[PDB]
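K.L.:
Before I ask anything, let me first share the structure, which is written out below as structure tokens.
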Amino acid sequence: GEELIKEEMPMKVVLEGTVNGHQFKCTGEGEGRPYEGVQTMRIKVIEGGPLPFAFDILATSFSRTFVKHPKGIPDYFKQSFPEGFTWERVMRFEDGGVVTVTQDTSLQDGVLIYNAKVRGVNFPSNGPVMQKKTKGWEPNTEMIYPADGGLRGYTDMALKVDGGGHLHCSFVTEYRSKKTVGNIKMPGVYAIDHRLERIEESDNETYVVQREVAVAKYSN
Amino acid sequence: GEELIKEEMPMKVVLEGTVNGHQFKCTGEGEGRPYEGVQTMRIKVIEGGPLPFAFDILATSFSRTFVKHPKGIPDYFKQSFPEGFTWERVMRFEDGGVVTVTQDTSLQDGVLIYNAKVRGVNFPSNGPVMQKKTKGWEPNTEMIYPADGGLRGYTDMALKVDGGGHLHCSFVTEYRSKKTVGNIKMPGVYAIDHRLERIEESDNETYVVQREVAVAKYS
């Protein structure tokens, strides 16, 4: 499992969804250093572009294999290979928008392949998401809890708004390994510090480059 | 102030004190990238070595100028130059050890100068600190609160112990500018993520090299 995840790994993503009835499809390709916790993704909106909502609400749906885990924290995600893992997430914005995401992670001839589906509903028409008045996510900390051979993650995320305030968004995620034959060494409770940054964008946010640093740490 | 702090800065330190009655003195020199939040220091125990306690309890006393503050979080420390700043810290270990630390930070001939005094008492004789069974600090988050011209920092630190457990330690720190006349833009409440790594040691921890990465963030 860990053996199959090299110090350098490429990744590819297909993401399809509907937000407030607007249907789209994105493709992404990138690479990272799974044991250093760093990755970069170049993303294209190939159907439904330009999107009438902030790409920021999609950005967190495009990579758990790339978390730096110190020796003392068993790495559920790297141990899941070769079979990979799935995750399901609910994002609840303080102003009432909701996003549900299902993701499949697989390893296909040494490339990490992500397949994702997104449904967004009830974003206020005049709110910062549908008015495209957002400016990226603040750094955040996700609490990880073992739950019967899977993991649950919870985080309060803060979407920056034009003018300097934030839209708060609760994330709840269930992570499940696809492994059935081998065993996984389960972690106890821990935290993951995440920093997701946009590097560049062009053509009304139909091309986006983003980079994430994510590091697992002891929780007190 | 920020203009005096260059993209690369060297630092020198003198730290002296007593822990459970044991008297010692340390000198250090290093350099880092203050806007990138990275720094490295080479430390010698020049008096009282070898120490009969874990060097880890001194490691966090040896550099606030080297914290990456992103554009929206005003940098109290870099703004305090040329006068610089002071800090006073109480470290309370859950097994009863207490340390008071008093530090002065100044700038001389393009070099950051650190002068620190440490007084540690009531470390258990067969605890991990006095038995030298510690293995570094876990990465941690310090909460920073504005207060009456200064900043107060709060963090629960976790010292790794031989065999895989942790000894917890409360840090409360008061940070005060020596720029007592002149405008500083005050931050609101924020957090600093710290990672302090030992790189090298020799001669029973009387030579230590350590590297720190520190990054301020929204709270």
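Chain labels run A, B, ... following the order of the structure tokens; each chain numbers its residues from 1, and ligands are numbered from 1 in the order shown.
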Taking only C-alpha atoms into account, which residues of chain B are within 8 Å of chain A, as a CSV table (one decimal) with N, CA and C atoms, in the first residue's frame?

P.N.:
chain,number,residue,atom,x,y,z
B,138,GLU,N,5.8,18.4,19.7
B,138,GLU,CA,4.8,18.1,18.6
B,138,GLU,C,4.6,19.5,17.9
B,139,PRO,N,4.4,19.6,16.6
B,139,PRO,CA,3.8,20.8,15.9
B,139,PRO,C,2.6,21.3,16.7
B,156,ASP,N,-1.0,25.0,24.2
B,156,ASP,CA,-0.8,23.7,25.0
B,156,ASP,C,0.2,23.0,24.1
B,158,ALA,N,3.1,19.7,23.6
B,158,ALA,CA,3.2,18.3,23.9
B,158,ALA,C,4.6,17.8,23.6
B,217,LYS,N,-1.9,32.6,10.7
B,217,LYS,CA,-3.1,32.3,9.9
B,217,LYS,C,-4.3,32.9,10.6
B,218,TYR,N,-5.4,33.1,9.8
B,218,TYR,CA,-6.7,33.5,10.3
B,218,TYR,C,-7.1,32.5,11.4

K.L.:
May I have the residues within 8 Å of residue B:75 as a list in words, using only C-alpha atoms and disregarding those fewer than 4 positions away in the same chain?

P.N.:
residues 69, 79, 186 and 187 of chain B

K.L.:
Please return, as a PyMOL selection string, all residues of stretch 15-214 of chain A that DSSP assigns to strand (DSSP E) on the basis of the backbone.

P.N.:
chain A and resi 15-19+22-33+38-47+85-93+98-108+111-121+134-137+140-147+150-161+166-177+190-202+207-214

K.L.:
Could you list, as a VMD selection string, every residue within 10 Å of stretch 175-184 of chain B, counting only C-alpha atoms and ignoring same-chain residues fewer than 5 positions away?

P.N.:
chain B and resid 1 64 74 to 89 103 to 106 144 146 to 153

K.L.:
Restrict the selected residues to N, CA, C and O atoms and save them as a compact mmCIF listing (two decimals), in the first residue's frame.

P.N.:
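What ended up in result28.txt:
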# COMPACT_ATOMS: atom_id res chain seq x y z
N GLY B 1 10.07 49.79 10.21
CA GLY B 1 10.47 48.52 10.91
C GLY B 1 10.67 47.39 9.92
O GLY B 1 11.80 46.85 9.86
N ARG B 64 10.67 35.47 17.13
CA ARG B 64 9.33 35.87 16.66
C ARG B 64 9.38 36.69 15.37
O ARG B 64 8.30 36.89 14.75
N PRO B 74 -1.38 42.12 10.35
CA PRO B 74 -0.29 43.04 10.67
C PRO B 74 0.72 42.30 11.55
O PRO B 74 0.27 41.57 12.42
N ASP B 75 2.02 42.51 11.28
CA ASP B 75 3.16 41.83 11.95
C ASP B 75 3.69 42.71 13.09
O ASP B 75 4.50 43.61 12.84
N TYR B 76 3.24 42.46 14.31
CA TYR B 76 3.66 43.24 15.51
C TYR B 76 5.17 43.21 15.65
O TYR B 76 5.79 44.21 16.08
N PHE B 77 5.78 42.06 15.39
CA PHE B 77 7.21 41.83 15.68
C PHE B 77 8.06 42.64 14.68
O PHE B 77 8.95 43.38 15.11
N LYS B 78 7.80 42.49 13.38
CA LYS B 78 8.62 43.17 12.32
C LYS B 78 8.40 44.68 12.42
O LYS B 78 9.39 45.42 12.29
N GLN B 79 7.19 45.12 12.76
CA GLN B 79 6.87 46.56 12.93
C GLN B 79 7.63 47.16 14.12
O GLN B 79 7.81 48.36 14.14
N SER B 80 8.03 46.37 15.12
CA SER B 80 8.61 46.91 16.38
C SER B 80 10.03 47.46 16.14
O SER B 80 10.54 48.21 17.02
N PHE B 81 10.67 47.09 15.04
CA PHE B 81 12.05 47.55 14.74
C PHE B 81 12.00 49.01 14.31
O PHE B 81 10.98 49.45 13.80
N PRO B 82 13.06 49.82 14.55
CA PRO B 82 14.35 49.35 15.08
C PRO B 82 14.47 49.06 16.59
O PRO B 82 15.44 48.45 16.98
N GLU B 83 13.51 49.48 17.41
CA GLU B 83 13.60 49.32 18.87
C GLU B 83 13.60 47.83 19.24
O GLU B 83 14.40 47.46 20.13
N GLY B 84 12.75 47.03 18.59
CA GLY B 84 12.64 45.59 18.87
C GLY B 84 11.55 45.36 19.91
O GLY B 84 10.67 46.19 20.07
N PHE B 85 11.62 44.25 20.63
CA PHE B 85 10.49 43.83 21.49
C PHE B 85 11.06 42.91 22.57
O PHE B 85 12.23 42.45 22.47
N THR B 86 10.24 42.64 23.57
CA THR B 86 10.58 41.73 24.68
C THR B 86 9.48 40.70 24.80
O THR B 86 8.36 40.94 24.28
N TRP B 87 9.77 39.60 25.44
CA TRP B 87 8.70 38.62 25.78
C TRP B 87 9.02 37.95 27.10
O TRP B 87 10.18 37.91 27.51
N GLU B 88 7.96 37.63 27.82
CA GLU B 88 8.04 36.97 29.13
C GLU B 88 7.06 35.79 29.09
O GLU B 88 5.88 35.98 28.69
N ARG B 89 7.54 34.62 29.44
CA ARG B 89 6.80 33.36 29.23
C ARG B 89 6.78 32.58 30.55
O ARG B 89 7.82 32.52 31.23
N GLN B 103 13.03 37.49 27.77
CA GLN B 103 13.86 37.59 26.54
C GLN B 103 13.81 39.04 26.07
O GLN B 103 12.71 39.63 26.07
N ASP B 104 14.96 39.52 25.59
CA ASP B 104 15.07 40.82 24.90
C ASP B 104 15.50 40.54 23.46
O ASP B 104 16.44 39.76 23.28
N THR B 105 14.83 41.17 22.49
CA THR B 105 15.18 41.09 21.05
C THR B 105 15.57 42.49 20.59
O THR B 105 14.77 43.42 20.77
N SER B 106 16.72 42.61 19.95
CA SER B 106 17.21 43.90 19.43
C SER B 106 17.87 43.66 18.07
O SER B 106 17.98 42.50 17.64
N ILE B 144 -2.97 34.05 19.47
CA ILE B 144 -2.42 35.40 19.77
C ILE B 144 -3.57 36.37 19.95
O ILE B 144 -4.44 36.45 19.02
N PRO B 146 -4.56 40.45 21.05
CA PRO B 146 -4.13 41.80 21.42
C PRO B 146 -4.52 42.14 22.86
O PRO B 146 -5.55 41.71 23.29
N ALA B 147 -3.68 42.91 23.55
CA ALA B 147 -3.89 43.41 24.93
C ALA B 147 -3.03 44.66 25.16
O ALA B 147 -1.79 44.54 25.09
N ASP B 148 -3.67 45.83 25.36
CA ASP B 148 -3.09 47.09 25.90
C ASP B 148 -1.70 47.38 25.31
O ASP B 148 -0.75 47.56 26.11
N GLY B 149 -1.56 47.44 23.99
CA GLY B 149 -0.30 47.80 23.31
C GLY B 149 0.58 46.59 23.01
O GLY B 149 1.52 46.76 22.18
N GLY B 150 0.30 45.44 23.64
CA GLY B 150 1.07 44.18 23.50
C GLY B 150 0.21 43.03 23.00
O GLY B 150 -0.99 43.24 22.64
N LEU B 151 0.81 41.85 22.93
CA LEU B 151 0.12 40.61 22.48
C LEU B 151 0.29 39.58 23.58
O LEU B 151 1.34 39.65 24.26
N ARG B 152 -0.72 38.74 23.82
CA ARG B 152 -0.61 37.56 24.70
C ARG B 152 -0.79 36.30 23.86
O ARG B 152 -1.78 36.22 23.08
N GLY B 153 0.10 35.32 24.04
CA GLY B 153 0.03 34.03 23.35
C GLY B 153 -0.27 32.90 24.30
O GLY B 153 0.31 32.85 25.37

K.L.:
Which residues in stretch 53-96 of chain A does DSSP call helix (DSSP H, G or I)? List them as an MDAnalysis selection string.

P.N.:
chainID A and resid 56:59 64:66 76:79

K.L.:
Go ahead and save the residues from that selection, with C-alpha atoms, as a short mmCIF file (atom, residue, chain, number, x, y, z; two decimals), in the first residue's frame.

P.N.:
data_model
loop_
_atom_site.label_atom_id
_atom_site.label_comp_id
_atom_site.auth_asym_id
_atom_site.auth_seq_id
_atom_site.Cartn_x
_atom_site.Cartn_y
_atom_site.Cartn_z
CA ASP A 56 -14.06 28.19 -4.73
CA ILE A 57 -17.09 25.95 -3.81
CA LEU A 58 -15.60 23.18 -6.10
CA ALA A 59 -11.89 23.72 -5.13
CA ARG A 64 -6.16 12.73 0.71
CA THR A 65 -3.18 10.58 -0.46
CA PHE A 66 -1.04 13.77 -0.32
CA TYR A 76 -5.37 5.30 6.39
CA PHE A 77 -5.23 6.74 2.83
CA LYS A 78 -1.76 5.46 1.73
CA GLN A 79 -2.51 2.04 3.41
#

K.L.:
Residues at most 7 Å from residue B:167, counting only C-alpha atoms, excluding those fewer than 4 positions away in the same chain, as a PyMOL selection string?

P.N.:
chain B and resi 94+158-161

K.L.:
Between atom CA of residue B:155 and atom CA of residue A:146, what distance in Å does the model show, to one decimal?

P.N.:
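These two atoms are separated by 25.6 Å.
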
K.L.:
Within 12 Å of residue A:8, counting only C-alpha atoms, which residues show up once you throw out same-chain ones fewer than 3 positions away? Write them as a PyMOL selection string, please.

P.N.:
chain A and resi 4-5+11+30-40+65-66+110-112

K.L.:
Can you spit out the residues from that selection as a PDB file, in the first residue's frame, using N, CA, C and O atoms?

P.N.:
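Okay, this is what ended up in part20.pdb:
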ATOM      1  N   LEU A   4       3.248   1.332  -2.931  1.00  0.00           N
ATOM      2  CA  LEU A   4       2.678   1.744  -4.249  1.00  0.00           C
ATOM      3  C   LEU A   4       2.616   3.274  -4.387  1.00  0.00           C
ATOM      4  O   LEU A   4       2.472   3.767  -5.535  1.00  0.00           O
ATOM      5  N   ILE A   5       2.610   3.994  -3.264  1.00  0.00           N
ATOM      6  CA  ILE A   5       2.580   5.493  -3.268  1.00  0.00           C
ATOM      7  C   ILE A   5       4.038   5.944  -3.202  1.00  0.00           C
ATOM      8  O   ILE A   5       4.695   5.716  -2.173  1.00  0.00           O
ATOM      9  N   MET A  11      -1.631  12.784 -10.652  1.00  0.00           N
ATOM     10  CA  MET A  11      -3.072  12.568 -10.399  1.00  0.00           C
ATOM     11  C   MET A  11      -3.915  13.156 -11.538  1.00  0.00           C
ATOM     12  O   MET A  11      -3.451  14.113 -12.245  1.00  0.00           O
ATOM     13  N   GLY A  30      -2.416  16.861 -12.328  1.00  0.00           N
ATOM     14  CA  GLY A  30      -1.447  17.481 -11.434  1.00  0.00           C
ATOM     15  C   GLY A  30      -0.475  16.456 -10.927  1.00  0.00           C
ATOM     16  O   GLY A  30      -0.470  15.314 -11.449  1.00  0.00           O
ATOM     17  N   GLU A  31       0.298  16.853  -9.942  1.00  0.00           N
ATOM     18  CA  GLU A  31       1.330  15.974  -9.336  1.00  0.00           C
ATOM     19  C   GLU A  31       1.668  16.520  -7.962  1.00  0.00           C
ATOM     20  O   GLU A  31       1.356  17.661  -7.658  1.00  0.00           O
ATOM     21  N   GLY A  32       2.290  15.691  -7.148  1.00  0.00           N
ATOM     22  CA  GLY A  32       2.694  16.106  -5.813  1.00  0.00           C
ATOM     23  C   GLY A  32       3.669  15.143  -5.201  1.00  0.00           C
ATOM     24  O   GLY A  32       4.059  14.140  -5.853  1.00  0.00           O
ATOM     25  N   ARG A  33       3.976  15.448  -3.957  1.00  0.00           N
ATOM     26  CA  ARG A  33       4.915  14.742  -3.059  1.00  0.00           C
ATOM     27  C   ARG A  33       4.106  14.217  -1.879  1.00  0.00           C
ATOM     28  O   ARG A  33       3.955  14.903  -0.877  1.00  0.00           O
ATOM     29  N   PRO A  34       3.543  13.002  -1.986  1.00  0.00           N
ATOM     30  CA  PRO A  34       2.597  12.501  -0.983  1.00  0.00           C
ATOM     31  C   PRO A  34       3.128  12.462   0.460  1.00  0.00           C
ATOM     32  O   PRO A  34       2.333  12.583   1.395  1.00  0.00           O
ATOM     33  N   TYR A  35       4.441  12.293   0.643  1.00  0.00           N
ATOM     34  CA  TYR A  35       5.059  12.184   1.994  1.00  0.00           C
ATOM     35  C   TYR A  35       5.532  13.547   2.491  1.00  0.00           C
ATOM     36  O   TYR A  35       5.805  13.649   3.702  1.00  0.00           O
ATOM     37  N   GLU A  36       5.547  14.570   1.631  1.00  0.00           N
ATOM     38  CA  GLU A  36       5.820  15.968   2.032  1.00  0.00           C
ATOM     39  C   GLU A  36       4.491  16.725   2.218  1.00  0.00           C
ATOM     40  O   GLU A  36       4.516  17.825   2.756  1.00  0.00           O
ATOM     41  N   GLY A  37       3.364  16.221   1.712  1.00  0.00           N
ATOM     42  CA  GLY A  37       2.069  16.870   1.949  1.00  0.00           C
ATOM     43  C   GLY A  37       1.770  17.976   0.957  1.00  0.00           C
ATOM     44  O   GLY A  37       0.956  18.811   1.287  1.00  0.00           O
ATOM     45  N   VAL A  38       2.417  18.000  -0.214  1.00  0.00           N
ATOM     46  CA  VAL A  38       2.279  19.115  -1.184  1.00  0.00           C
ATOM     47  C   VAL A  38       1.758  18.558  -2.516  1.00  0.00           C
ATOM     48  O   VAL A  38       2.215  17.486  -2.959  1.00  0.00           O
ATOM     49  N   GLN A  39       0.827  19.274  -3.138  1.00  0.00           N
ATOM     50  CA  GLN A  39       0.341  18.895  -4.497  1.00  0.00           C
ATOM     51  C   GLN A  39      -0.139  20.134  -5.239  1.00  0.00           C
ATOM     52  O   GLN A  39      -0.493  21.115  -4.584  1.00  0.00           O
ATOM     53  N   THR A  40      -0.137  20.031  -6.564  1.00  0.00           N
ATOM     54  CA  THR A  40      -0.566  21.076  -7.508  1.00  0.00           C
ATOM     55  C   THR A  40      -1.530  20.430  -8.499  1.00  0.00           C
ATOM     56  O   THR A  40      -1.246  19.299  -8.916  1.00  0.00           O
ATOM     57  N   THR A  65      -4.399  11.429  -0.414  1.00  0.00           N
ATOM     58  CA  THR A  65      -3.177  10.583  -0.460  1.00  0.00           C
ATOM     59  C   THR A  65      -1.975  11.491  -0.149  1.00  0.00           C
ATOM     60  O   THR A  65      -0.885  10.981   0.189  1.00  0.00           O
ATOM     61  N   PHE A  66      -2.145  12.784  -0.366  1.00  0.00           N
ATOM     62  CA  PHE A  66      -1.039  13.768  -0.323  1.00  0.00           C
ATOM     63  C   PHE A  66      -1.031  14.489   1.027  1.00  0.00           C
ATOM     64  O   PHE A  66      -0.694  15.661   1.088  1.00  0.00           O
ATOM     65  N   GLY A 110      -0.083   3.397 -11.818  1.00  0.00           N
ATOM     66  CA  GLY A 110       0.795   4.336 -11.100  1.00  0.00           C
ATOM     67  C   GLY A 110       0.282   5.773 -11.165  1.00  0.00           C
ATOM     68  O   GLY A 110       1.015   6.655 -10.698  1.00  0.00           O
ATOM     69  N   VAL A 111      -0.946   6.016 -11.644  1.00  0.00           N
ATOM     70  CA  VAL A 111      -1.597   7.360 -11.596  1.00  0.00           C
ATOM     71  C   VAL A 111      -2.784   7.305 -10.630  1.00  0.00           C
ATOM     72  O   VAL A 111      -3.606   6.375 -10.751  1.00  0.00           O
ATOM     73  N   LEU A 112      -2.883   8.273  -9.744  1.00  0.00           N
ATOM     74  CA  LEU A 112      -4.075   8.438  -8.872  1.00  0.00           C
ATOM     75  C   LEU A 112      -5.188   9.049  -9.704  1.00  0.00           C
ATOM     76  O   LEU A 112      -4.954  10.073 -10.339  1.00  0.00           O
TER      77      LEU A 112
END

K.L.:
Would you pick out the contacts of residue B:39 at 8 Å or less, using only C-alpha atoms, so that residues sharing its chain but fewer than 6 positions from it are not included, and give the list as an mmCIF file with N, CA and C atoms, in the first residue's frame?

P.N.:
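The result, stored in selection-v2.cif:
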data_model
loop_
_atom_site.group_PDB
_atom_site.id
_atom_site.type_symbol
_atom_site.label_atom_id
_atom_site.label_comp_id
_atom_site.auth_asym_id
_atom_site.auth_seq_id
_atom_site.Cartn_x
_atom_site.Cartn_y
_atom_site.Cartn_z
ATOM 1 N N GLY B 30 22.672 31.806 14.067
ATOM 2 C CA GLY B 30 21.937 31.203 12.960
ATOM 3 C C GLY B 30 21.474 32.245 11.979
ATOM 4 N N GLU B 31 20.569 31.834 11.111
ATOM 5 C CA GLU B 31 20.006 32.717 10.072
ATOM 6 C C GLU B 31 18.674 32.129 9.617
ATOM 7 N N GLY B 32 17.874 32.933 8.935
ATOM 8 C CA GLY B 32 16.597 32.483 8.372
ATOM 9 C C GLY B 32 16.046 33.495 7.394
ATOM 10 N N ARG B 33 14.825 33.231 6.947
ATOM 11 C CA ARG B 33 14.081 34.041 5.953
ATOM 12 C C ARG B 33 12.818 34.515 6.653
ATOM 13 N N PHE B 66 10.823 35.806 12.736
ATOM 14 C CA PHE B 66 10.857 34.792 11.650
ATOM 15 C C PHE B 66 9.530 34.029 11.571
ATOM 16 N N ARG B 211 15.734 23.695 13.623
ATOM 17 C CA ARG B 211 15.105 24.447 12.510
ATOM 18 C C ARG B 211 13.644 24.661 12.882
ATOM 19 N N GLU B 212 13.147 25.868 12.641
ATOM 20 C CA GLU B 212 11.754 26.197 12.976
ATOM 21 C C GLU B 212 11.088 26.781 11.736
ATOM 22 N N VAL B 213 9.862 26.338 11.479
ATOM 23 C CA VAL B 213 8.936 26.919 10.470
ATOM 24 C C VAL B 213 7.734 27.431 11.246
#
